[PDB]
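Engineer: My questions all concern the structure below.
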Amino acid sequence: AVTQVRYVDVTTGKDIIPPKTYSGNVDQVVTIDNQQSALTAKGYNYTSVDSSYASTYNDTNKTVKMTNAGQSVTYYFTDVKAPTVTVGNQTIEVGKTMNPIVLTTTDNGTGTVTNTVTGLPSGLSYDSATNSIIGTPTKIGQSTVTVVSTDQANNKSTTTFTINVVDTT
Ligand SMILES: [Ca+2]
């Protein structure tokens, strides 16, 4: 007379919040919580329910009827929020090996995040292993750098910043 509930990230199969068990007497109708409000705050939309292994489940009422045999209900959620790359404009001196520019990136989900960096000044390159721009700029001038960030669910954001390469004379 138990029912195991999971709240699952459809992209990765991971628990977004801890699984919850419900119990009752045999035949007792028990209300289960799909946690939609909490998951919305986490940047997820409620997407589907799998009750293949809980035949007593009523989706309209969000109930199970407890039986001698265990039951399982899985609620699935989709990450609908793009990653956040927080980067500002940067000045660097021509012809000097730069302190790397770290492209600070976070996300609400449970999977990978991949950045795509373009428009770098001559001498600069994106080190994807350290998620940082590295190099020695070769030429005075300003460049607009574009960073596209994509999470594993394929939500995308785009940010830009300028790199200004300056000389002392
Ligand atoms: Ca996300």
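Going by the structure tokens order, chains are called A, B, ..., each with residues numbered from 1, while ligands are numbered from 1 in the order shown.
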Please list as a PyMOL selection string every residue within 8 Å of residue 142 (chain A), counting only C-alpha atoms and excluding residues in the same chain fewer than 2 positions away.
Structural biologist: chain A and resi 121+140+144+162-165
Engineer: Keeping only N, CA and C atoms, write those residues as an mmCIF file, in the first residue's frame.
Structural biologist:
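Saved as part_3.cif:
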```cif
data_model
loop_
_atom_site.group_PDB
_atom_site.id
_atom_site.type_symbol
_atom_site.label_atom_id
_atom_site.label_comp_id
_atom_site.auth_asym_id
_atom_site.auth_seq_id
_atom_site.Cartn_x
_atom_site.Cartn_y
_atom_site.Cartn_z
ATOM 1 N N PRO A 121 38.890 39.125 -31.212
ATOM 2 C CA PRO A 121 40.039 39.829 -31.785
ATOM 3 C C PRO A 121 41.131 38.872 -32.260
ATOM 4 N N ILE A 140 45.562 46.726 -32.207
ATOM 5 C CA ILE A 140 44.698 47.733 -31.589
ATOM 6 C C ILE A 140 43.320 47.765 -32.261
ATOM 7 N N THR A 144 33.321 43.211 -31.370
ATOM 8 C CA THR A 144 32.131 42.711 -30.689
ATOM 9 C C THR A 144 32.161 41.185 -30.670
ATOM 10 N N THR A 162 32.138 43.837 -25.792
ATOM 11 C CA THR A 162 33.207 44.367 -26.620
ATOM 12 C C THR A 162 34.552 44.055 -25.966
ATOM 13 N N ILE A 163 35.528 43.683 -26.788
ATOM 14 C CA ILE A 163 36.907 43.627 -26.347
ATOM 15 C C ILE A 163 37.608 44.786 -27.046
ATOM 16 N N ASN A 164 38.157 45.693 -26.242
ATOM 17 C CA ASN A 164 38.944 46.817 -26.733
ATOM 18 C C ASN A 164 40.430 46.569 -26.492
ATOM 19 N N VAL A 165 41.208 46.511 -27.569
ATOM 20 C CA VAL A 165 42.650 46.319 -27.437
ATOM 21 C C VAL A 165 43.285 47.695 -27.574
#
```
Engineer: Output the neighbourhood of ligand 1 as a list in words, that is, all protein and nucleic acid residues with some atom at most 10 Å from the ligand, counting only C-alpha atoms and all ligand atoms.
Structural biologist: residues 42, 43, 44, 78, 79, 80, 81, 82, 83, 84, 106, 107, 108, 109, 110, 111, 112, 113, 149, 150, 151, 152, 153, 154, 155, 156 and 157 of chain A
Engineer: Find the residue from A:141, A:19, A:24, A:135 that sits nearest to residue 96 (chain A); use only C-alpha atoms when measuring.
Structural biologist: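 Closest residue, counting only C-alpha atoms: A:135.
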Engineer: If you count only C-alpha atoms, which residues fall within 10 Å of residue 88 (chain A), apart from same-chain ones fewer than 6 positions away, as a ChimeraX atom specification?
Structural biologist: /A:101,103,159-163
Engineer: What does the distance between CA of residue 65 (chain A) and CA of residue 8 (chain A) come to in Å, to one decimal place?
Structural biologist: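 About the pair CA of residue 65 (chain A) and CA of residue 8 (chain A): they are 22.2 Å apart.
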Engineer: Excluding same-chain residues fewer than 5 positions from residue 95 (chain A), what lies within 8 Å of it counting only C-alpha atoms, as a ChimeraX atom specification?
Structural biologist: /A:136-139
Engineer: Where in chain A does DSSP assign strand (DSSP E), given as a PyMOL selection string?
Structural biologist: chain A and resi 2-9+20-23+29-31+44-50+63-65+71-79+84-86+90-93+101-102+104-106+113-118+124-127+132-135+141-151+156-166
Engineer: Nearest to residue 122 (chain A) among A:30, A:94, A:54, A:85, with distances taken over only C-alpha atoms: which residue is it?
Structural biologist: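 Counting only C-alpha atoms, the residue closest to residue 122 (chain A) is A:94.
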Engineer: What's around residue 49 (chain A) at 7 Å? Count only C-alpha atoms, leave out sequence neighbours fewer than 3 positions away in its own chain, and write the answer as a PyMOL selection string.
Structural biologist: chain A and resi 74-76
Engineer: So which bits of region 8-67 of chain A end up helix (DSSP H, G or I) when you DSSP the backbone, as a ChimeraX atom specification?
Structural biologist: /A:36-41
Engineer: Under the rule that only C-alpha atoms are counted, which of A:58, A:52, A:105, A:169 is the nearest residue to residue 130 (chain A)?
Structural biologist: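 Ranking A:58, A:52, A:105, A:169 by distance to residue 130 (chain A), first place goes to A:105.
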Engineer: Can you pull out every residue within 12 Å of residue 28 (chain A), counting only C-alpha atoms, but drop anything in the same chain fewer than 5 positions away, and send it as a ChimeraX atom specification?
Structural biologist: /A:1-3,22-23,56,63-68
Engineer: Have a look at A:71, A:38, A:98, A:90 and name the one nearest to residue 21 (chain A); count only C-alpha atoms.
Structural biologist: A:71
Engineer: Got a sec: who's within 12 Å of residue 127 (chain A), counting only C-alpha atoms, leaving out chain neighbours fewer than 6 positions off, as a tab-separated table (two decimals) with N, CA, C and O atoms, in the first residue's frame?
Structural biologist:
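Written out: out_30.tsv:
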```
chain	number	residue	atom	x	y	z
A	100	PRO	N	42.99	35.32	-18.66
A	100	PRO	CA	41.82	34.81	-19.40
A	100	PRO	C	40.51	35.48	-18.99
A	100	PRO	O	40.36	35.85	-17.82
A	101	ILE	N	39.60	35.65	-19.95
A	101	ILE	CA	38.27	36.20	-19.65
A	101	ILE	C	37.35	34.99	-19.45
A	101	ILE	O	37.08	34.25	-20.40
A	102	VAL	N	36.92	34.76	-18.21
A	102	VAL	CA	36.05	33.60	-17.90
A	102	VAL	C	34.63	33.94	-18.32
A	102	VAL	O	34.11	35.00	-17.97
A	103	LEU	N	34.00	33.07	-19.10
A	103	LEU	CA	32.64	33.35	-19.57
A	103	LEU	C	31.63	32.72	-18.63
A	103	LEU	O	31.13	31.63	-18.89
A	115	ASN	N	28.79	26.49	-24.87
A	115	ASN	CA	28.89	27.85	-25.40
A	115	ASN	C	29.52	27.86	-26.77
A	115	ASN	O	30.40	27.05	-27.06
A	116	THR	N	29.06	28.79	-27.61
A	116	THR	CA	29.61	29.00	-28.96
A	116	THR	C	30.08	30.43	-29.05
A	116	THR	O	29.26	31.35	-28.95
A	117	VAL	N	31.39	30.62	-29.22
A	117	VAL	CA	32.00	31.96	-29.14
A	117	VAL	C	32.56	32.36	-30.50
A	117	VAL	O	33.34	31.60	-31.10
A	118	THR	N	32.17	33.53	-30.98
A	118	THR	CA	32.62	34.05	-32.28
A	118	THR	C	32.94	35.55	-32.20
A	118	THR	O	32.50	36.24	-31.27
A	120	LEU	N	36.00	37.03	-32.02
A	120	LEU	CA	37.14	37.40	-31.17
A	120	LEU	C	38.20	38.21	-31.92
A	120	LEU	O	38.39	38.01	-33.12
A	133	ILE	N	38.21	32.91	-22.60
A	133	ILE	CA	38.93	33.44	-23.75
A	133	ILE	C	40.39	33.60	-23.33
A	133	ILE	O	40.66	34.13	-22.24
A	134	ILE	N	41.31	33.16	-24.17
A	134	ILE	CA	42.75	33.26	-23.89
A	134	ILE	C	43.46	33.85	-25.12
A	134	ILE	O	42.86	33.94	-26.19
A	135	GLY	N	44.71	34.29	-24.95
A	135	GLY	CA	45.49	34.69	-26.10
A	135	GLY	C	46.32	35.94	-25.88
A	135	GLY	O	46.42	36.46	-24.77
```
Engineer: Would you work out the distance separating CA of residue 77 (chain A) from CA of residue 48 (chain A), expressed in Å to one decimal?
Structural biologist: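 Here the two named atoms are 7.0 Å from each other.
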Engineer: Between A:131, A:72, A:104, A:57, single out the one closest to residue 86 (chain A), counting only C-alpha atoms.
Structural biologist: A:104
